[PDB]
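Student: The structure is given below, and queries will be raised subsequently.
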Amino acid sequence: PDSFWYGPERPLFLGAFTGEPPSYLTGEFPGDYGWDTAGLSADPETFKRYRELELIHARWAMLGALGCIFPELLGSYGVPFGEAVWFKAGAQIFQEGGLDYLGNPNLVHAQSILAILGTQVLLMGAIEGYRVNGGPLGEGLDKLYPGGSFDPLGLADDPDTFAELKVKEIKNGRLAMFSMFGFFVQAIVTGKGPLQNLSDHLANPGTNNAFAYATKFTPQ
Amino acid sequence: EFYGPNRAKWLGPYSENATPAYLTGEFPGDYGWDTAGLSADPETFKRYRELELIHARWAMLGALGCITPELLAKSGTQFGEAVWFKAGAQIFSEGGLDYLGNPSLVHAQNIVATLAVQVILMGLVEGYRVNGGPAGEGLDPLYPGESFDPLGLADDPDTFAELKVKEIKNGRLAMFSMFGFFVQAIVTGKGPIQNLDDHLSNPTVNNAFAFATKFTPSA
Amino acid sequence: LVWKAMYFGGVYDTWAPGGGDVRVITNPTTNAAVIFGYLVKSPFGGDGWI
Amino acid sequence: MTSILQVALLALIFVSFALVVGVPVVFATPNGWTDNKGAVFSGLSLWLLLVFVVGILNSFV
Amino acid sequence: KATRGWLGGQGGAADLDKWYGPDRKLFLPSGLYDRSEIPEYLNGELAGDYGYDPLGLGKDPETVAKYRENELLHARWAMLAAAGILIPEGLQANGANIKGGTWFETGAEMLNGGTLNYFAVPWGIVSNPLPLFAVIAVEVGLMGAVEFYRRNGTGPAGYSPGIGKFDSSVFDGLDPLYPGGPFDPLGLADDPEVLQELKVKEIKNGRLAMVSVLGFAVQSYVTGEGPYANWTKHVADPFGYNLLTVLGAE
Amino acid sequence: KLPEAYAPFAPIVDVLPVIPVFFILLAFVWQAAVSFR
Amino acid sequence: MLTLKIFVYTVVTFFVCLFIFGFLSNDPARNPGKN
Amino acid sequence: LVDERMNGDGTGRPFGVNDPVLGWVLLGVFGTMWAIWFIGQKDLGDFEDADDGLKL
Ligand code: CHL
Ligand SMILES: CCCCCCCCCCCCCCCCCC(=O)OC[C@H](CO[C@@H]1O[C@H](CO[C@H]2O[C@H](CO)[C@H](O)[C@H](O)[C@H]2O)[C@H](O)[C@H](O)[C@H]1O)OC(=O)CCCCCCCCCCCCCCCCC
Ligand code: CLA
Ligand code: CLA
Ligand SMILES: CC1=C[C@H](O)CC(C)(C)[C@H]1/C=C/C(C)=C/C=C/C(C)=C/C=C/C=C(C)/C=C/C=C(C)/C=C/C1=C(C)C[C@H](O)CC1(C)C
Ligand SMILES: CC1=C[C@H](O)CC(C)(C)[C@H]1/C=C/C(C)=C/C=C/C(C)=C/C=C/C=C(C)/C=C/C=C(C)/C=C/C1=C(C)C[C@H](O)CC1(C)C
Ligand SMILES: CCCCCCCCCCCCO[C@H]1O[C@H](CO)[C@@H](O[C@H]2O[C@H](CO)[C@@H](O)[C@H](O)[C@H]2O)[C@H](O)[C@H]1O
């Protein structure tokens, strides 16, 4: 296309020091900064599969980051969750009262983990089978951008706006995946919720940073 | 030898049929070991070669910089902390980080400033390597020469190829040794020179098998 | 101004014990919340803004 | 040496008055800046020399 | 020799019209110094030419070159001297046992039978066991040989400076004050316009070093301490410790 | 008070603060010189 | 009594946001002159 | 205490909020208005060129 994010004049991941990007990264796909130093996308089929994997990971991680942030914020403000922290919310089902959505005893009130696992397995199996092979909500649609019933508001009719929104989606998804990797590492190292880590850093930025835990995993 | 068809191989004599077709002994250190077939595509092969060379050089530097302070401390120099995997924590000491223990050298006390300076300088130099900079622009990505070969030790082609093979072999040895450093530090918990001294003290009992049951999953 | 108050002499602290005097501000309040609470504080009585 | 300091300070005052009276005249007079560069340079240099000398004398008093 | 800029983009000598040619920078601004009064012998040829010559000490181009030789030699010696005056004092004041300390006291440290400690920044500090007379003899012999080589224009063949190209034989044809070749192991002077820019930088840094060394001497005579001590004390107490305070302390 | 060495120059200082005001008046005088062109 | 505070805050915020975003909506080009 | 009060006159709370619902209302209203303005921005004309806008 003819836009700032496509073609040979697109921005690249090393600024002026990037040089010439790899030949197969011609710049016809969203979020193409020409960063394939490892050379894992030489084969176009592998490139397509990696693009699909990246997009699915991006959407899942956007959802995951939002769902990790929101309950802890609400619990900090005062909502009585069973376990507000993202990496502890799974253990609520072992509590005597069971899992309670929003802390209310009349919302969901789940008791058995086996039923949750079984229903999730069935529903998600059907969902992903429909995603791979066309189902009730469209049959002959694109694998990554089905549109149709999944774009009710008609935000992707204009091809130029469609490309712009694709770039925005991929960029926000990459940011979300980076932040989710940060979530995992901070949970492993610090042991507190991400909002707790942010509050601690804001309280004393000079000392409450990552280096404070640097001497945590040293062997003895 | 070390080049062409009749070159040394990764299985010695029992290697005539082991070598893949695409490995034809054109590049240095080509022993024909691609059992997993990860470099069938020539572009991926070139990228892996570049990664291997950079890793080898960094591993050479890392191995030398891990060995040197411990030996110097054994010689009788007070470093504050000589063990390689504990040498980064002395930046938080009250006396700061002093080169060779001398209080009038470096004497760094802030870690954020050092990290920022390293980020800026290393970003600039890595960008110079990728696309070219003050030293030169149109040179080989792996062997620029010119400003990076002042003594001119690489000017006759066969000598250049032999030196390249020596470089790659020393680098593979350094990478293996650095992986050993990491595993020994995780398992044993003492510096590599201390480990060597302990092994020399009593080899029959001071070996890796003494720590076999350390990571038993009993619970 | 910060260097003058911190290293080269000091500033006249009027809240020092007894009558105020010149003092060096060794620990300025750099906390973000405390610093930015003044700006968003109400200007009416009791609060007084900055 | 207060007498020397006071004499130098009075000389500085006189030189400064002469400069502030003359510089606008030299600037605004057509074809005057070209043929009076030396006088203006000497006056400014003398002003700077006198103020520095007064400072040194104050340090000595 | 194809290079790129330090911060990306094209690399080279940028623009050389600021220091060469009829258009250039001068020791006074445009409004105070018209281009007509520039002396005829002060044309945009020599590096670092600001059209500065009150009292007309220079008369014509060959005398200008004769004085340029002395200016460049003095500049390089003053750069070396400023470095060797500043660094050892700062090293000693921070913990090292240099035993020489301030520059104006290092000479007397080697009087009588005394020796001098030499610090190899990265590496240790050694106690150089040479006596004073041996130092004098070695210095006079080596400096005489080197200056005789410089004056004659020819010298011995193939010494060992870590040079990029070895086995130097003849010095014939090398420009005095810029021999290059054997004296340029890194080969940074191959590009001509880059060489001109480097010449300008060299002469400017050298003039700064000359003025700084004169300041070293004068303020060390006045205050009685080394330049490093004066710098640190002034930074610690700007208004308390300066020239005006030092003068007439009693 | 001023330092004793600068004691005799006390009257001059007494006139200094009002000098900027005169500047504005000078402007009008200048306009009178050019007949308010 | 806090419900009144919520209502007043909502109304004031709505009007202030209207004012702020009104002048960001290419206001200087609303003149009737020719340019 | 005879009755109940908010007790926040002289506390100097930021933006005069002492309950998180007030801050949530502030952010929600501001975000809704900003979203409406962002959606309607297409009708205001784009100043993409470097030299554009009312000027003299
Ligand atoms: C003729 C006999 C001969 C044999 C059998 C080999 C075989 C080998 N050579 Mg070769 N070579 C041989 C002759 C020669 N080599 C070479 C030159 C080279 C080079 C330069 C290299 C090799 C390498 C290799 C290795 C490649 C495969 C590998 O990585 O193994 C991996 C699998 C094993 C080693 C088996 C597993 C070990 C053990 C039995 C299991 C351990 C169990 C643990 C306790 C597990 C516990 C952990 C738990 C917690 C999970 C392999 C050991 C490469 C190498 O050494 O990489 C490591 C290499 O770089 N060879 C020359 C010179 C021309 C030879 C001359 O005859
Ligand atoms: C009042 C004081 C309060 C206290 C102090 C607060 C300080 C806050 C400081 C930071 C924010 C300052 C914002 C000032 C207002 C100016 C906003 C503006 O001029 O913004 C103008 C720009 C214009 O953006 C451009 O708009 C263009 C036009 O787009 C249009 O056209 C495009 C195709 O060309 C697309 O089709 C697109 O969809 C279509 O809209 C393009 O899209 C460009 O890519 C795009 O960059 O916007 C942008 O800068 C991007 C948005 C900027 C940040 C906005 C944050 C808003 C709040 C977020 C959180 C809300 C939460 C709500 C929760 C609700 C539920 C509880
Ligand atoms: C990439 C590899 C690498 C890395 C990341 C490090 C990192 C570190 N080293 Mg190690 N080191 C290395 C390679 C490396 N070293 C090698 C190859 C050597 C052998 C020369 C050493 C010898 C060494 C010693 C002896 C000491 C360290 C120390 C340190 C720490 C302080 C760094 C500092 O302030 O230096 C920056 C210092 C300066 C800029 C001051 C000038 C020093 C110059 C640059 C040295 C240059 C050496 C020269 C180029 C090569 C040797 C020449 C010789 C053959 C003649 C830091 C953890 C110090 C420490 O904390 O002890 C544990 C310490 O005492 N290192
Ligand atoms: C806002 C202030 C300002 C600005 C933008 C300029 C800008 C300019 N001046 Mg003017 N000038 C100024 C103040 C200023 N000057 C003052 C205060 C003086 C009296 C000394 C002069 C005297 C002067 C002369 C005589 C001439 C110019 C000329 C010029 C032009 C080119 C040469 C140049 O940059 O000046 C060069 C000025 C200097 C080298 C003075 C030294 C400046 C150094 C960097 C000290 C900086 C101090 C520090 C950064 C700020 C101190 C803050 C506080 C103590 C006040 C340029 C358009 C020339 C021109 O246009 O020719 C036709 C010319 O002939 N200026
Ligand atoms: C580019 C390139 C190039 C060259 O050549 C080579 C290389 C380098 C290799 C490459 C790179 C790559 C990368 C970087 C990657 C990364 C990734 C990631 C990080 C992802 C994430 C990703 C991430 C993700 C998905 C995430 C997700 C999440 C989730 C789901 C979550 C969930 C949840 C929640 C909500 C909360 C609750 O309570 C619980 C749970 C349930 C848990
Ligand atoms: C061939 C093949 C074939 C088939 O087909 C397949 C397969 C098998 C896969 C393949 C194989 C491969 C391999 C073996 C690999 C390995 C690698 C390595 C080991 C690396 C390292 C690598 C390593 C490295 C880099 C290292 C580095 C290091 C460093 C830097 C260090 C540094 C340091 C020092 C000095 C010390 C101080 O105190 C600090 C620090 C800072 C810490
Ligand atoms: C380029 C511009 C730089 C300007 C210089 C910056 C100001 C620093 C110089 C200050 C003058 C020198 O100060 C030095 O001599 C003065 C002599 O009168 C002393 O000043 C003294 O004068 C009187 C006694 O005669 C007393 O009323 C003062 O309390 C006393 O301070 C200073 O105590 C001394 O430190």
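Every number here is computed from the coordinates shown, using simple stated rules; none is lab data. For neighbour counting, all protein chains shown are included, and Cβ atoms are generated from backbone atoms with ideal geometry for every residue, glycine included.
Student: Could you work out the local net charge near residue B:7, counting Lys and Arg as +1, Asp and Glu as -1, over the other residues with Cβ closer than 11 Å to its Cβ? Intermediate values should be presented prior to the final figure.
Tutor: Numbers: positive: B:9; negative: B:1, B:26, B:30.
After counting each charged neighbour, the total is -2.
Student: With a ≥ b ≥ c taken as the square roots of the eigenvalues of the C-alpha gyration tensor of region A:100-159, please select rounded if a/c is under 1.5 and otherwise prolate if a/b is larger than b/c or oblate if it is not?
Tutor: Here region A:100-159 falls in the oblate category.
Student: What is the Å³ per residue value for the convex hull set by the Cα atoms of the protein assembly as shown?
Tutor: Spread over its residues, the Cα hull of the protein assembly as shown gives 391 Å³ apiece.
Student: Separate question: Which cross-chain or sequence-distant (5 or more) residues have an amide H under 5 Å from the amide H of residue B:108, H modelled 1.01 Å from N in plane?
Tutor: B:97
Student: Grab the beta carbon distance between residue C:40 and residue E:37, set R0 = 60 Å, and tell me the FRET efficiency rounded to 0.05.
Tutor: In this case the efficiency is close to 0.45.
Student: Where a ≥ b ≥ c are the square roots of the eigenvalues of the C-alpha gyration tensor, would you call chain C rounded, which needs a/c under 1.5, or, failing that, prolate if a/b is larger than b/c, or oblate?
Tutor: Oblate, because a/c is 1.5 or more while a/b does not exceed b/c.
Student: Can you tally the net charge around residue E:98? Count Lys and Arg as +1, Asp and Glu as -1, for every other residue whose Cβ sits under 10 Å from the Cβ of residue E:98.
Tutor: -1
Student: Are there any GluC sites (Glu not before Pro) in region B:23-80 that are in a DSSP loop and have at most 11 other Cβ atoms within 10 Å? List them by number. List each step's numbers first, then the result.
Tutor: Numbers: sites: B:26, B:43, B:50, B:52, B:70; in loops: B:26.
Passing sites in region B:23-80 are B:26.
Student: So, one more: Compute the semi-axes of the equivalent ellipsoid of chain A, taking the square root of 5 times each eigenvalue of the Cα gyration tensor, and list them largest first in whole Å.
Tutor: 36, 28, 17
Student: Roughly how many debye, to the nearest 20, is the charge dipole of region E:147-250 about its Cα centre, given +1 on each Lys and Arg Cβ, -1 on each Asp and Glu Cβ, and no other charges?
Tutor: Using only the charged Cβ atoms, the result is roughly 220 debye.
Student: From the phi angles alone, apply the Karplus equation (6.51, -1.76, 1.60; θ = phi - 60°) to region A:150-164 and give each ³J(HN,Hα) in whole Hz, x where the residue is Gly or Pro.
Tutor: So the J values, rounded to whole Hz, are 8, 10, x, 7, x, 8, 10, 6, 7, x, 5, 4, 4, 5, 4.
Student: Another question, then. Among H:16, G:33, B:101, which residue has its Cα positioned farthest towards the positive end of the charge dipole of the protein assembly as shown, with +1 placed on the Cβ of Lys and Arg, -1 on the Cβ of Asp and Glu, and the dipole taken about the Cα centre?
Tutor: Result: H:16, furthest along the dipole toward the positive end.
Student: Compute the signed sum of charges (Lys and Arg +1, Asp and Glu -1) over the other residues within less than 15 Å, Cβ to Cβ, of residue B:110.
Tutor: Net of charged neighbours comes to -2.
Student: Where in region E:173-208 does the label zone of residue E:149 land, with the point 7 angstrom along Cα→C-beta and an amide N cut-off under 19 Å?
Tutor: Zone members listed by number: E:173-187.
Student: Output the relative contact order of chain A, whole-number percent, from Cα pairs under 8 angstrom with separation of 6+ residues. Mind showing how you got there, number by number?
Tutor: Values: 167 pairs, mean separation 40.5, N = 220.
Computed value for chain A: 18 percent relative contact order.
Student: So what's the projected area for region A:1-86, the Cα convex hull averaged over all directions, in nm²?
Tutor: Its average projected convex-hull area is 8.5 nm².
Student: Then there is this: State to the nearest 20 debye the size of the charge dipole of the protein assembly as shown about its Cα centre, where the only charges are +1 on K and R beta carbons and -1 on D and E beta carbons.
Tutor: In total the dipole reaches around 2000 debye.
Student: Per q in 0.18, 0.22, 0.25 1/Å, what log10 I(q)/I(0) does a Debye calculation on the alpha-carbon atoms of region B:152-219 return?
Tutor: -0.78, -0.96, -1.09
Student: Determine ³J(HN,Hα), in whole Hz, for all residues of region A:10-18 in sequence, where each value follows from phi through the Karplus function 6.51 cos²θ - 1.76 cosθ + 1.60 and θ = phi - 60°; x replaces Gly and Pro.
Tutor: Computed from phi, the couplings for region A:10-18 are 5, x, 10, 6, 10, x, 6, 8, 6 Hz.
Student: Can you count the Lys pairs in chain A with C-alpha separation below 23 Å, eight or more apart or on different chains?
Tutor: Close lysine pairs under the 23 Å cut-off: 10.
Student: For residue A:2 and residue B:162, what is the calculated FRET efficiency with R₀ set at 41 Å and r taken between the beta-carbons, to the nearest 0.05?
Tutor: Calculated transfer efficiency: 0.20.
Student: Sticking with this structure for a sec: For residue E:165, which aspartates and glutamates qualify as cross-link partners when the Cα separation must be under 13 Å and same-chain residues fewer than eight apart are set aside?
Tutor: B:146, B:149, B:155, E:184
Student: Turning to a different aspect of this structure: When the scattering of region E:1-108 is computed by the Debye formula from its Cα atoms alone, each counted once and equally, what is log10 I(q)/I(0) at q = 0.12, 0.13, 0.22 Å⁻¹?
Tutor: Calculated log10 I(q)/I(0) at the listed q: -0.73, -0.79, -1.12.
Student: Just to be sure I understand: with springs between alpha-carbon atoms less than 10 Å apart, which residue in B:102, B:17, B:170 has the highest mean-square fluctuation in the Gaussian network model of chain B?
Tutor: B:17
Student: Over all directions, the average projected area of the alpha-carbon convex hull for chain E comes to how many nm²?
Tutor: 20.4 nm²
Student: Exactly which GluC sites (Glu not before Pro) in region E:160-207 are in a DSSP loop and have at most 16 other Cβ atoms within 10 Å?
Tutor: Nothing satisfies the criteria.
Student: Just flag the chymotrypsin sites (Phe, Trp or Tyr not before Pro) in region E:96-197 sitting in loop per DSSP whose Cβ has no more than 10 other Cβ atoms within 10 Å.
Tutor: Details: sites: E:103, E:104, E:118, E:119, E:123, E:133, E:148, E:149, E:159, E:166, E:171, E:183; in loops: E:123, E:159, E:166, E:171.
Those satisfying the criteria are E:123, E:159.
Student: What ranking of E:3, C:14 emerges when the number of other C-beta atoms within 10 Å of each C-beta is taken as an exposure proxy, fewest first? Could the numbers behind the result be given before it?
Tutor: Details: E:3 19, C:14 9.
Exposure proxy ranking, most exposed first: C:14, E:3.
Student: I would also like to ask the following. Using Cα-only point scatterers and the Debye equation, what is log10 of I(q)/I(0) for region B:42-135 at each q in 0.13, 0.16, 0.24 Å⁻¹, rounded to two decimals?
Tutor: -0.65, -0.88, -1.23
Student: Run the reach check for residue G:34 against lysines, Cα to Cα strictly under 16 Å, same-chain hits fewer than 8 apart removed. What comes back?
Tutor: Those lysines meeting the cut-off are H:55.
Student: Also, I was wondering about something else. For region E:157-250, calculate the relative contact order in percent as a whole number, restricting contacts to Cα pairs under 8 Å that are 6 or more residues apart.
Tutor: Working: 36 pairs, mean separation 11.7, N = 94.
Relative contact order comes out at 12 percent.
Student: Quick one: which residues, 5+ away or cross-chain, put their amide H under 5 Å from the amide H of residue E:4? H built at 1.01 Å from N.
Tutor: For residue E:4, whose amide H was placed from the backbone, the distant partners under 5 Å are B:133, B:136.
Student: Right, another one. Rank these for me by crowding, D:56, B:168, F:19, going from fewest to most other beta carbons within 10 Å.
Tutor: F:19, D:56, B:168
Student: Another question about this same structure. For a footprinting-style exposure proxy, rank H:19, E:190 by other Cβ within 10 Å, fewest first.
Tutor: Fewest-to-most ranking of H:19, E:190: E:190, H:19.
Student: Okay, moving on. In Å, what Kirkwood hydrodynamic radius results for region E:1-61 from the alpha-carbon pair distances? Let's see the in-between values first.
Tutor: Numbers: mean 1/r = 0.0735 Å⁻¹.
With all distinct Cα pairs of region E:1-61 included, I get 13.6 Å.
Student: Taking 45 Å as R0, compute the FRET efficiency from the Cβ-Cβ separation of residue G:34 and residue F:34 and round it to 0.05.
Tutor: 0.75
Student: Turning to a different aspect of this structure: State, as an integer percentage, the relative contact order of chain C based on alpha-carbon contacts under 8 Å between residues 6 or more apart.
Tutor: About 22 percent, as a whole number.
Student: Now a separate question. Add -39500 (n - 2.57) for each DSSP H run of 4 or more in chain B, then divide by its residues: what number comes out at 222 nm, to the nearest 500 deg cm²/dmol? Numbers along the way, then the final one.
Tutor: Details: 4 runs with 96 residues, N = 219.
Per the formula, -15500 deg cm²/dmol.
Student: Please enumerate, by chain and number, the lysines with C-alpha under 20 Å from the C-alpha of residue C:41, excluding those fewer than 8 residues away in the same chain.
Tutor: Hits, sequence-local ones excluded: G:5.
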